[PDB]
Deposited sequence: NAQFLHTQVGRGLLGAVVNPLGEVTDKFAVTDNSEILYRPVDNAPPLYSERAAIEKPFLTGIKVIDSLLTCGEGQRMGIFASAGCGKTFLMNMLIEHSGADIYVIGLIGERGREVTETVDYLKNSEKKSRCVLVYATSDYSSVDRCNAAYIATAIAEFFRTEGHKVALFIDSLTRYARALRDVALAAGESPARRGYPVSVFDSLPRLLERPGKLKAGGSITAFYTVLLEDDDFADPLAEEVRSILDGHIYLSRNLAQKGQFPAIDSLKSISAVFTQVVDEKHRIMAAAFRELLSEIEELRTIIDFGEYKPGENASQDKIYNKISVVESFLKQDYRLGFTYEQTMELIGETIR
C-alpha cells in the first residue's frame, strides 16, 4: 500500500514488495521516504499545458513524432520488433533528470537483460528499476506498475523532469484481469485509466513523460486493449514487423504513428519541413507498390524517377544506430537535406 521513494533509490532494482533487491549503480545520496502507491491524478487546474518538447535523440521521433514534457506515448509492437532496444534508445539519448522503469514482464532473464543494460549505461546513476516477473502473483505484477509510478511522482514533486517506462501495459492488463477474477462502485479494471492519468507536467512541479508498451498479436494486429489504450494516450509509435524484416531500425512506421502534441511543441518552420517529409514518405510508399506491380520503368515518368532517387537518402535519415543520438539541430539539418 506504501512504498519507498527518494534519491536513495537511484541505481536500485526494486521488487513488487517495494524492496531493493539489487543495484546497477551506487550514489552518495541515501534519502529514503515513504509514499502511498495509489494517488489521485492531478486536478485539471494543477496540470500545465504540454508545450515544451521532450527530445529523444531519435531522428524520426524528434522530427515527425515530437514528444512533449508531460505526454503519455504508447509504443505498439509485435514480439520481435525491437521494443526493448527502442526503450533503451529513449533512455540513452533523451535528456530527462531521472528515468523510472517498471518491468511487468515474464522471465527473469528479460529483467536481467535490462539490469545489465543499465549497469553499462551513462544514465545509470539517474535510473530506478521496478520489476515483477512471470513468477510473481498477479497482485504483485500490478503493484510493480503503481510502485514505479509512485516513485516517479516523488521525483516530479521535487521538480525533476522524469521519464517513466511501463513495459508492458499488456501484461499489466492481463494481471489486472486475474486480480479482478479473484474479486469476481469500483472495478479492478479501472486501475488502467487511473494508472495512465498519473503522468503529466504539473504547474507546481516538474513532469512525468511516460512511455507505455503494448504487445501486438499475431501480426501487428490491434487488440481491444490496444484500441482502448490508444484512445487514452497522447499518441502512439508503431513498430512495424515489415520494416524490421526489411532491416530498418528503429522499425518505426511514421505514417502510422502520431504525437498528439506535435503542433504544440514545435515551431512553424519545423511543421512545414515535417509535412513536406511526410508527403515524400507517402510518395515513396506509392512508388514501392508500383515497383511491386512491375509498372516502374525509368525515364517514363519524371516525377516517379525523382521519387525513386530519394529513397536512399530517406532510408538513411530514418535509420539510426542504437548507440547514436542526434541533437534537435542535427535532426532538423538532416531532414532539410532529404526533402531538398
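(Q) In sequence order, which parts of the deposited sequence are missing C-alpha coordinates? (A) 1 to 4, 189 to 196 are the stretches of the deposited chain that have no C-alpha coordinates in the structure.
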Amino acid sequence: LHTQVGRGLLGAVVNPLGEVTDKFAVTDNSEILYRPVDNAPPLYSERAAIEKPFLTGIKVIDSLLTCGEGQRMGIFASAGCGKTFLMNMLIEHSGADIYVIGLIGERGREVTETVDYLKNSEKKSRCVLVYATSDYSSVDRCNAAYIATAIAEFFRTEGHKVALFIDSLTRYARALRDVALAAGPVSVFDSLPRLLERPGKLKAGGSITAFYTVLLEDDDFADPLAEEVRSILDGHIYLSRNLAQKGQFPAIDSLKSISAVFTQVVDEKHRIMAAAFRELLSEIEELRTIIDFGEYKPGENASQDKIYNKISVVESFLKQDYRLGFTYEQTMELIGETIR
From here on, numbers count along this sequence of modelled residues.
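Q. Comparing 298 to 306 with 62 to 70, which has the greater mean CA B-factor as deposited?
A. On average, C-alpha B-factors are higher across 298 to 306.
Q: Please work out which of 253 to 261 and 210 to 218 has the higher mean CA B-factor as recorded in the PDB entry.
A: Stretch with the greater average CA B-factor: 210 to 218.
Q) Among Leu129, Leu239, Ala79, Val162, which carries the highest Cα B-factor? A) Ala79 has the highest C-alpha B-factor of those listed.
Q: Have a look at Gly95, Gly205, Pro224, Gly200 and flag the one whose Cα has the highest B-factor in the entry.
A: It is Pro224.
Q) If you rank every modelled residue in this chain by C-alpha B factor, which third holds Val13: lowest, middle or highest? A) It falls in the middle third of the chain.
Q.
Can you tell me whether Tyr136 has a C-alpha B-factor in the lowest, middle or highest third compared with the other modelled residues of the same chain?
A. For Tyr136, whose C-alpha B-factor we compare with every modelled residue in the chain, the answer is the highest third.
**Q.** Entry-reported Cα temperature factor of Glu153, expressed as the chain third it lands in
**A.** Its C-alpha B-factor belongs to the lowest third of this chain's values.
Q. Against its chain's modelled residues, does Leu196's Cα B factor rank lowest, middle or highest third?
A. Its C-alpha B-factor, which the entry lists for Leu196, ranks in the middle third among residues of this chain.
Q. By the record's CA B-factor, is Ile75 among the lowest, middle or highest third of residues in the chain?
A. Its C-alpha B-factor belongs to the lowest third of this chain's values.
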